[PDB]
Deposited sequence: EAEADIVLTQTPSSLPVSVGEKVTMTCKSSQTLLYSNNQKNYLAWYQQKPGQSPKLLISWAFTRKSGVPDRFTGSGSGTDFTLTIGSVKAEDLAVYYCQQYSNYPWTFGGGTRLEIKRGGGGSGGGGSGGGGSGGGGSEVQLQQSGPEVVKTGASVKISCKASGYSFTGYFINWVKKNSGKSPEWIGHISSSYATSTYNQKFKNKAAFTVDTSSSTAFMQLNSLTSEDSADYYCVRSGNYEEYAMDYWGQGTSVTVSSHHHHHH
């Protein structure tokens, strides 16, 4: 199977406080699993200068604490996120994301522009590295049982869809990679320090980006939920 492409429209949405918005996410392959009739689709919110947050998974299930005014709906290949009455705090890029089949993929996002009228992942600091060199980013987890969860890694560049690099099982230390990054990235975990690592090798200017570690789990918690603060890598 070809990688699943998620297409989001509109690309940007200029709205006012109090206005009702809807945005779409179309999948090139159905995300409806016949076995359980669940849609393997999530919505993430990335506010300016901040890491993404999970809003909704399973197409319509809000993460606890996410306001009522966010509503996810749709099935198969066609999904929508609605905000019943927007606030300035909703200013963000909204990304849909499929976790139906590897590699996991993200849509290109919808930029929402607004006019007036305990789980934590702590990553290492920003890196400046020479071409050809390597770097190892750490991701220290707290506030939950480390081994119960996967640690995902995600690459993000200024105007592009986030890219899922892969994930590692915290219990078994076995990894799944996106083929695009299989020769670039290497995951490890350290159970005794509750810390996940990603080594990036043979660095070029194309590797310059923000990198996040992101937790994901099992069953109801299958989707990526908690993100690290991000780690900037610049290759000079």
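Residues of the deposited sequence with no modelled C-alpha atom fall in the ranges 1-2, 120-138, 258-264.
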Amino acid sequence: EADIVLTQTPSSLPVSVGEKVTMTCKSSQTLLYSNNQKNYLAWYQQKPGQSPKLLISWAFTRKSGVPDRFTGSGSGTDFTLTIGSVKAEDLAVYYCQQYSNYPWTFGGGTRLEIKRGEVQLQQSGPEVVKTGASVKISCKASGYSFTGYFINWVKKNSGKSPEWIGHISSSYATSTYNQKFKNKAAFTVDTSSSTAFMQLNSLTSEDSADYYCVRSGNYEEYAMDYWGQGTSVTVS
From here on, numbers count along this sequence of modelled residues.
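Higher average CA B factor: 33-41, of the stretches 33-41 and 207-215. The residue among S64, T188, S57, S169 whose C-alpha atom has the highest B-factor in the PDB entry is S64. In this PDB entry, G228 carries a Cα temperature factor that places it within the lowest third of its chain's modelled residues.
Among the modelled residues of the chain, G109 sits in the middle third by CA temperature factor in this PDB entry. Per the PDB record, residue ranking by Cα B-factor puts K155 in the lowest third of the chain. Ranked by C-alpha B-factor against the other modelled residues of its chain, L121 falls in the middle third. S100 sits in the middle third of its chain by CA B factor, as recorded in the PDB entry.
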